[PDB]
Amino acid sequence: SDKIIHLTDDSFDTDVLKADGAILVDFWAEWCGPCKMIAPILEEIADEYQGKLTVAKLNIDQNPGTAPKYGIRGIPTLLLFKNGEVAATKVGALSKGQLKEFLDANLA
């Protein structure tokens, strides 16, 4: 999206590891239905949390290098980073409501 950062293996360090703030990274794939189901929701979140976090997506087929580094086994997986370090791990599709709660609880 407009506000979502579209990540690559090469831009991962700069976009995620070096950002001064919180980043919600979504590891996903085109063949993964639940990944597709959460896409519109990640869009709303990126609007609503503007100034508090940035949403980023890494497609793990197009960028196969980064997932192994974080032990990612299954998708979708959402990893909350705070200044380069994973604060919180979430796995599986959740609803908008569940995601708000995940974020509010871990951003404090």
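Going from the start of the chain as shown, residues are counted 1 onward.
Method on record in the header is X-ray crystallography, 2.5 Å.
In case you wondered, yes, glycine gets a Cβ from its N, Cα and C as well.
Per Swiss-Prot, the feature site 'Deprotonates C-terminal active site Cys' maps to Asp26. Positions annotated as active site, nucleophile by Swiss-Prot: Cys32, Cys35. What Swiss-Prot lists as disulfide bond is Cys32-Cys35, and the listing cites experimental evidence. Among the features that Swiss-Prot reports, site 'Contributes to redox potential value' is placed at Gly33, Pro34. Per Swiss-Prot, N6-acetyllysine is recorded for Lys69.
Everything Swiss-Prot records as a feature, shown here on the structure.
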residue	record	CB count, 10 Å
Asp26	site 'Deprotonates C-terminal active site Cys'	22
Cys32	active site, nucleophile	18
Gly33	site 'Contributes to redox potential value'	10
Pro34	site 'Contributes to redox potential value'	14
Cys35	disulfide bond	21
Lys69	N6-acetyllysine	9
Task: Which recorded positions sit within 10 Å of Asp26 (site 'Deprotonates C-terminal active site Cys') - Cα, from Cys32, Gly33, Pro34, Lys69 - done: none
- [ ] For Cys35 (disulfide bond), name the DSSP secondary structure in the helix/strand/coil scheme.
- [x] helix
Open item on the list: Measuring Cα to Cα, how many Å separate the residue listed as 'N6-acetyllysine' from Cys35 (disulfide bond)?
Closed with: 20
Task: Mapped DSSP class for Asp26 (site 'Deprotonates C-terminal active site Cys'), helix or strand or coil - done: strand
